[PDB]
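Here the structure comes first, spelled out in structure tokens, and everything after it is commentary.
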Amino acid sequence: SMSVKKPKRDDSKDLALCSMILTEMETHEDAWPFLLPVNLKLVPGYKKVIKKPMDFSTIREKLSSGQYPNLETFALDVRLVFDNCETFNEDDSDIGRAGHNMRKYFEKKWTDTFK
């Protein structure tokens with residue numbers, strides 16, 4: 001509260017570390033469904049159904065231009081990528097499996113880096 005603060009957590013490496021994690025996700029073999037925005041002209045249903053599209057390229061541009069105020073807003077966009085994937089894709093599809101694998105991969109790097 002006013003003039004009463006928890007001790008200051010060092011957040012000065014967060015930007016760099018989120019970039020590293022993002023590099024690792026970009027270079028994973030199962031990243032291909034997620035590298036670029038879904039083409040809303042060519043994929044029936046996507047525009048109406050997925051209210052907040054997100055992809056790794058869009059996260060990378062936001063990261064590079066100071067549009068994440070903190071590491072939690074970064075994690076929200078990453079998870080949004082996988083949540084959208086589960087909304088639109090059957091679990092037993094290549095893309096549906098990719099998304100489960102990538103979420104797993106991300107959540108481990110996240111815990112190991114920050115928790």
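Chain labels run A, B, ... following the order of the structure tokens; each chain numbers its residues from 1, and ligands are numbered from 1 in the order shown.
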Show which residues sit within 9 Å of residue 53 (chain A), as a VMD selection string. Count only C-alpha atoms, and ignore same-chain residues fewer than 5 positions away.
chain A and resid 37 to 38 46 to 47 80 to 81 84
Mind dumping the selected residues with C-alpha atoms as a short mmCIF file (atom, residue, chain, number, x, y, z; two decimals), in the first residue's frame?
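And here's selection-v4.cif as it stands now:
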```cif
data_model
loop_
_atom_site.label_atom_id
_atom_site.label_comp_id
_atom_site.auth_asym_id
_atom_site.auth_seq_id
_atom_site.Cartn_x
_atom_site.Cartn_y
_atom_site.Cartn_z
CA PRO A 37 -0.54 -14.86 -38.57
CA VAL A 38 -3.31 -17.18 -39.81
CA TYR A 46 -10.96 -18.11 -38.33
CA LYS A 47 -11.85 -14.48 -38.35
CA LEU A 80 -3.14 -17.16 -26.29
CA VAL A 81 -1.34 -18.71 -29.28
CA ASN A 84 -6.47 -20.34 -30.07
#
```
Helix (DSSP H, G or I) call set, DSSP backbone run, chain A, as a VMD selection string:
chain A and resid 14 to 26 29 to 34 46 to 49 56 to 64 71 to 88 94 to 114
Wanna dump the region 65-88 of chain A-region 20-33 of chain A contacts at 12 Å for me, each residue with its shortest atom pair and the distance in Å to one decimal, counting only C-alpha atoms, ordered by chain and number, as a tab-separated table?
```
residue	atom	partner	partner_atom	distance
A:71	CA	A:21	CA	11.6
A:74	CA	A:22	CA	9.9
A:75	CA	A:22	CA	10.4
A:77	CA	A:22	CA	11.4
A:78	CA	A:22	CA	8.9
A:81	CA	A:33	CA	9.9
A:82	CA	A:33	CA	10.3
A:84	CA	A:33	CA	11.4
A:85	CA	A:33	CA	8.8
```
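With only C-alpha atoms taken into account, the protein and nucleic acid residues at most 12 Å from region 89-91 of chain A (excluding it and anything under 5 positions from it in its own chain) are residues 33, 45, 46, 49, 50, 82, 83, 84, 96, 97, 98, 99, 100 and 101 of chain A.
Each of A:70, A:19, A:58, A:93 was checked against residue 109 (chain A) using only C-alpha atoms; the smallest atom-to-atom distance is that of A:19.
Ranking A:9, A:40, A:114, A:18 by their shortest atom-to-atom distance to residue 62 (chain A), with only C-alpha atoms included, puts A:18 first.
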Restricting to only C-alpha atoms, whichever of A:108, A:8, A:51, A:60 is closest to residue 35 (chain A) is A:60
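The two atoms in question, CA of residue 39 (chain A) and CA of residue 65 (chain A), are spaced 23.2 Å apart.
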Nearest to residue 52 (chain A) by atom-to-atom distance, counting only C-alpha atoms, from A:2, A:16, A:67, A:87:
A:87
